[PDB]
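Colleague: There's a structure below that I have some questions on.
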Amino acid sequence: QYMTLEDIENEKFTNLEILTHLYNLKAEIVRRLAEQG
Amino acid sequence: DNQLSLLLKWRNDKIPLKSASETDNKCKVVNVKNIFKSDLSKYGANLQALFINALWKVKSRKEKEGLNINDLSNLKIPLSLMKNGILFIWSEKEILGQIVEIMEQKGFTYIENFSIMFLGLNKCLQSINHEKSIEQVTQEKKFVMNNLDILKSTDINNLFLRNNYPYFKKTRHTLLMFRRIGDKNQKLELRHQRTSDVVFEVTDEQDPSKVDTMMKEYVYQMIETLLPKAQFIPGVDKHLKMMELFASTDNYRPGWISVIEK
Amino acid sequence: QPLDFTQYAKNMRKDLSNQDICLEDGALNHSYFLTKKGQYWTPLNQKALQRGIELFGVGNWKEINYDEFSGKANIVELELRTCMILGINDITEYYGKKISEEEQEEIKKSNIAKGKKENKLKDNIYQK
Amino acid sequence: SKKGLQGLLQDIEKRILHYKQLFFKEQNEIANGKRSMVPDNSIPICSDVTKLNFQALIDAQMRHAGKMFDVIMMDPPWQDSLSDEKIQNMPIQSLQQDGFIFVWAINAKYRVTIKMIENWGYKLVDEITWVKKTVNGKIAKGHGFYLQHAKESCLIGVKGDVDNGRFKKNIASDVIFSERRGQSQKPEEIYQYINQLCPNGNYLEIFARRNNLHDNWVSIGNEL
Ligand SMILES: C[S@@+](CC[C@H](N)C(=O)[O-])C[C@H]1O[C@@H](n2cnc3c(N)ncnc32)[C@H](O)[C@@H]1O
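Chains as they are written, first to last, in the numbering used here: chain Y, 20 to 56; chain Z, 1468 to 1729; chain L, 846 to 973; chain D, 3 to 226.
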């Protein structure tokens, strides 16, 4: 999803889905850091 | 635990409506030899509700007199009698689809079914403690209603009236409701979702199909709530817009045409 | 004439069920039936990941996805499965190592042994 | 944004570690033989009933059991939503020679279901009504047009020889007072009722999710 941690931490989501949500969020923070630099 | 003070709440709220006199203008009591072979268009017009209080002769009802299903096709419901309205039929499990098929041959689309869960009177009495006349049956129904705070511990599945049937035990009665749209731009006003599609009734084991008083009143109030302008109020209403077939010979409900098979 | 329902179910799963629904002997593959539909890791997918690590440097997952998975795979799942295969949760030091299929078991055993030695063996993964 | 953003970076590290181990643990349990909630003697089919070779199913059932299905339950996707014609075109005439059909029907498709039972050679003989129950025990009244729908009707038709050794008569109940367990998720009691009707028989479910997989059931679905 996005910066909303509660959406990516849903119990309905499975661990693979949750984990790829965290990895997409990680990519977003990396992109924001690259935009900062 | 079973919430029967709420499932059977209506048995403490709804009162039987008093029967109107035959010499009164609020009822139309008509007597016919055979309802299925009688021109009903002479006994009412522009109907909105037609509740056929049909008691069927089915193999489940052992050695009990009732209407034959094959005669229902002989019934005539012309557009003059009912143009745009709702028809109510007591349905048994072995002649369910046939009824629907018959109702398809007379322009009545299936729109609803109203099901009565049946709670065993003897089972409820045994849970309280541990041929019967209708006065006695009503007496123990009221006794069960009064003693409902101590019956809540018993599971609801042990109270269901599981009567004999070839395939699945009969713990339900059905009132199929059909509609006739008829002409266009003639809107049948309906107050929607004002009655539960399922009800619970404590019944006797011998004849669950023959619905007793205080519960036929539930069906009457469902019909009158579903079709508001079909209710006959004197002064600005020329004709009665409700009519019931095979009605009780002593209880003529006001606002209805009482058709008695005599 | 009773019917052996275990054998009957096994034979029917052999006949009219997917290769992921049942196993080779007809036994019900429970691995398929506790992950979401369309997210199951087949043994063919494991062999494809092993062949992709042999063919391409481990760490570059777009190439593996477009070559040995026909583009229908998750990069996250590929990274997690290579972490399982190497036995180490963090594969940063294994970036583009290009490890062969017949050799990867040695590093898996080495990481598992380091997990026992350093008391970091949490569920068959060297928690470094 | 700004410093707390990389603070979130530490956060998006920490969780992505912990969940990782959790996933690994689950997969490790997958490696060391973890049983699923579905039973062992379940026969799942993952195919669309439009494209599924029913003749293969018929031949497999003939060569593995020697007899056709005894109960065929069905929860059709009424208008993925299959049309009425495509649901009707399903070859239930060949999937059953002597037994019962247990097809669920919403109100809007109540009549056509009675048509389908009539068009498949069955004769409609029963109805089982599932009254939806709330968590407290009350009636789960839904939404309707004429009445507040608080029921789901499963129409039961019968086809042929029933007075044989199987198909116990006068069993169970025609009413299931069970709770609502999910979206379009049928009660489990009907399965028990089916086991009350036909003990240790062969049964078929045409539109079955993963929760409808039971013992001695040949379930069909697309998300199975
Ligand atoms: C009414 S729901 C059935 C729910 C199920 N009986 C339960 O209790 O969980 C319809 C289901 O049928 C399945 N289905 C839909 N379209 C299908 C198709 N074309 N062929 C086979 N199965 C289909 C899907 O799993 C869908 O959720």
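We treat Cβ as the ideally placed atom computed from N, Cα and C, and that holds for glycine.
Could you check if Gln194/D belongs to the surroundings of ligand 1, using beta carbon to heavy atom distance under 6 Å?
Modeller: No, the beta carbon of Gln194/D sits no closer than 6 Å to any heavy atom of ligand 1.
Colleague: Interface residues of chain A around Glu28/D at Cβ under 7 Å?
Modeller: Absent from the structure is chain A; the protein chains it does hold are Y, Z, L and D.
Colleague: For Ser1663/Z versus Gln98/D, is the C-beta distance shorter than 7 Å?
Modeller: No, the Cβ-Cβ distance between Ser1663/Z and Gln98/D is not below 7 Å.
Colleague: Between which residues of its own chain and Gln1673/Z is the CB-CB distance below 8 Å, once the five residues before and five after are set aside?
Modeller: Here the set comprises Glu1598 and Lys1599.
Colleague: Report the option in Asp1671/Z, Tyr1719/Z, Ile1700/Z and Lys1526/Z whose CA atom is closest to the CA atom of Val1611/Z.
Modeller: Checked all of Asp1671/Z, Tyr1719/Z, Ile1700/Z and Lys1526/Z; the closest Cα to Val1611/Z is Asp1671/Z.
Colleague: Starting from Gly223/D, follow its DSSP beta bridges and name the residues at the other end.
Modeller: According to DSSP, which records beta bridges pairwise, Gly223/D is partnered with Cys48/D.
Colleague: Considering Cα atoms alone, identify which of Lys1683/Z, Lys1705/Z, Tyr1685/Z and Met1709/Z is closest to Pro1695/Z.
Modeller: The candidate whose alpha carbon is nearest that of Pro1695/Z is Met1709/Z.
Colleague: In chain D, which residues lie with their C-beta within 8 Å of the C-beta of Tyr42/Y?
Modeller: In chain order: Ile18.
Colleague: Return the CA-CA distance between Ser1582/Z and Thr1641/Z, expressed in angstroms with no decimal places.
Modeller: When rounded, the distance between both Cα atoms is 5 Å.
Colleague: Within a Cβ cutoff of 7 Å, which residues of the same chain sit near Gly123/D, ignoring the five residues on either side of it in sequence?
Modeller: The residues are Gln95 and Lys161.
Colleague: Return yes when at least one heavy atom of ligand 1 lies under 6 Å from the C-beta of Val137/D, else no.
Modeller: Because no heavy atom of ligand 1 lies under 6 Å away, the Cβ of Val137/D does not count as near it: no.
Colleague: Can you tell me whether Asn109/D sits near ligand 1, meaning its C-beta is under 6 Å from at least one heavy atom of the ligand?
Modeller: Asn109/D Cβ: outside cutoff for every heavy atom of ligand 1.
Colleague: Output yes if chain Z places a C-beta closer than 7 Å to the C-beta of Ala107/D; else output no.
Modeller: For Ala107/D, the answer is no, since every Cβ of chain Z falls outside 7 Å of its Cβ.
Colleague: Among all the DSSP beta bridges, which residues are the ones paired with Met1710/Z?
Modeller: Its beta-bridge partners are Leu1517/Z and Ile1724/Z.
Colleague: Alpha carbon to alpha carbon, how far is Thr927/L from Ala62/D? Give it in angstroms, no decimals.
Modeller: So the alpha carbons of these two residues sit roughly 40 Å apart.
Colleague: For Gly1564/Z, does the count of other Cβ atoms within 10 angstroms reach 16, so buried, or fall short, so exposed?
Modeller: So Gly1564/Z counts as buried.
Colleague: Give me the Cβ distance between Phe1635/Z and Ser175/D, rounded to the nearest whole Å; I'm assuming they're in contact under 8 Å.
Modeller: Indeed, because the Cβ distance is near 7 Å, the residues count as touching under 8 Å.
Colleague: Could you list the residues in the stretch 913-935 of chain L with a C-beta less than 9 Å from some C-beta on chain Y, going in chain order?
Modeller: Going along the stretch 913-935 of chain L in chain order, one finds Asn919, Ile920, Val921, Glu922, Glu924 and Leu925 with a Cβ nearer than 9 Å to chain Y.
Colleague: Starting from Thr880/L, find everything on chain Y with Cβ-Cβ shorter than 8 Å and list it in chain order.
Modeller: By Cβ distance, chain Y contributes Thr33 and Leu35.
Colleague: For the putative contact between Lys143/D and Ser180/D, defined by C-beta atoms under 8 Å, what is the C-beta separation to the nearest angstrom?
Modeller: Not quite, the Cβ-Cβ distance comes to about 15 Å (not below 8 Å), so this is no contact.
Colleague: Checking 7 Å against the spacing of the C-beta atoms, do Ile1648/Z and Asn1551/Z come in under that value?
Modeller: Cβ distance < 7 Å, so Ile1648/Z and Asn1551/Z count as in contact.
Colleague: Return yes when at least one heavy atom of ligand 1 lies under 6 Å from the C-beta of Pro41/D, else no.
Modeller: Incorrect: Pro41/D has no Cβ contact closer than 6 Å to ligand 1.
Colleague: With 16 as the cutoff for other CB atoms within 10 Å, does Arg1528/Z come out buried or exposed?
Modeller: Buried: at least 16 other Cβ atoms inside 10 Å.
Colleague: Does the beta carbon of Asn218/D come closer than 7 Å to any beta carbon on chain L?
Modeller: Taking Cβ atoms only, chain L reaches closer than 7 Å to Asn218/D, which makes this a yes.
Colleague: Along chain L, in chain order, which residues have C-beta atoms closer than 8 Å to that of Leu38/Y?
Modeller: By Cβ distance, chain L contributes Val921 and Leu925.
Colleague: Assuming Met1644/Z contacts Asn1589/Z (C-beta within less than 8 Å), just tell me the rounded distance between them.
Modeller: In fact, because the Cβ distance is near 31 Å, the residues do not count as touching under 8 Å.
Colleague: Anyone know if the C-beta pair for residue 227/D and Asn214/D falls short of 7 Å?
Modeller: With chain D represented from 3 up to 226, any question about residue 227/D goes unanswered, as that position is not in the structure.
Colleague: Please compile the residues from chain Z whose C-beta is within a distance smaller than 9 Å of the C-beta of residue 2/D.
Modeller: Beyond the ends of chain D as shown, which are 3 and 226, falls residue 2/D; an answer cannot be given.
Colleague: Give every residue of the same chain whose Cβ lies closer than 7 Å to the Cβ of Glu1561/Z, excluding the five residues on either side of it in the sequence, and list them in chain order.
Modeller: Here the set comprises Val1525, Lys1526 and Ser1527.
Colleague: For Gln187/D, verify whether its CB is less than 6 Å away from any heavy atom of ligand 1.
Modeller: Answer for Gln187/D: yes, Cβ within range of ligand 1.
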